[PDB]
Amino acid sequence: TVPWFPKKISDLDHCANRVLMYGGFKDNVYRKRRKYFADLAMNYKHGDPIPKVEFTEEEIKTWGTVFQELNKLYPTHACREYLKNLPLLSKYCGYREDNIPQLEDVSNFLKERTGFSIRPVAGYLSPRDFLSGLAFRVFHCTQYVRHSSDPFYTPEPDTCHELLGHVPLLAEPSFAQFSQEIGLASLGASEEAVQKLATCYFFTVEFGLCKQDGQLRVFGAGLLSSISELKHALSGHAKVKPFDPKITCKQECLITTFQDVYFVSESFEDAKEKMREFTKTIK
């Protein structure tokens, strides 16, 4: 027997609500605001335009802080693919210090560039359900903004993380392929296989480094959206190892701290080839 998995993009309607939600913990205004976003995600069905949100002034200020500081780091810290796509997003999707891009606009942009699209999501999906989205080039994205007290690092994914961390690499064909292949490999796989695939995803897509012209750069979205961890990953204080799926899949994923190790890939093409070799051995 194989567990249920989606067979078409609309089938994601059936898992995308199977979510662990928030529950700032004591802030009534923050909570109400978080409920508003969760409900927009819960009521979403494939085919809908993604609701456009009027962000508050404080939400926009938190975005601006994050945007401003990160943009000072990307030239020296981000991989070339990231920096190639970031200007196109400014131009077409309204990435500016004073404006939070809408998921709808970014979804349309990605659909033209790599066939990627966005679905809003209320909170954390299982690794299984999250990965299954990537199989159809669907990236589940949070829509709320991180609490204003922690602009530099948050343990929870927010819309800043999705927009600044993930989107610019989803716009890159080799990366989109890489991601989709993790998804495809996950469909109907065993729990053990999903866990391995999810860890490899975590140490590439979320926290990966790559070597470009001899220097370390970042492609991990969890690094690209955290001012403090981005600095930390290239500071010389972090432990780094070669990306190697059979090893990297055993690494524990840390949740409320900086990671204890970053994996370095040679290129998106090479990481993809490495995952292809690996997936054979767990099917």
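One-based numbering along the sequence shown.
Counting the unmodelled positions of the deposited sequence between residue 23 and residue 24 gives a gap of 4 to 9 residues.
Between 254 to 262 and 44 to 52, it is 254 to 262 that carries the larger average Cα temperature factor according to the deposited entry.
Across the two stretches, 78 to 86 and 178 to 186, the PDB entry reports the greater mean Cα temperature factor for 78 to 86. Among 120, 123, 101, 165, the highest C-alpha B-factor recorded in the PDB entry belongs to 123. Looking only at 221, 230, 60, 240, the residue with the top Cα B factor in the deposited structure is 240.
For residue 144, the recorded CA temperature factor ranks within the lowest third of the chain's modelled residues. Among all modelled residues in this chain, the alpha-carbon of residue 226 has a temperature factor (C-alpha) in the lowest third. Ranked by C-alpha B-factor against the other modelled residues of its chain, residue 208 falls in the lowest third.
In the PDB entry, a CA B factor belonging to the highest third of its chain's modelled residues is recorded for residue 92. Ranked against the other modelled residues of its chain, the C-alpha B-factor of residue 133 as given in the entry falls in the lowest third.
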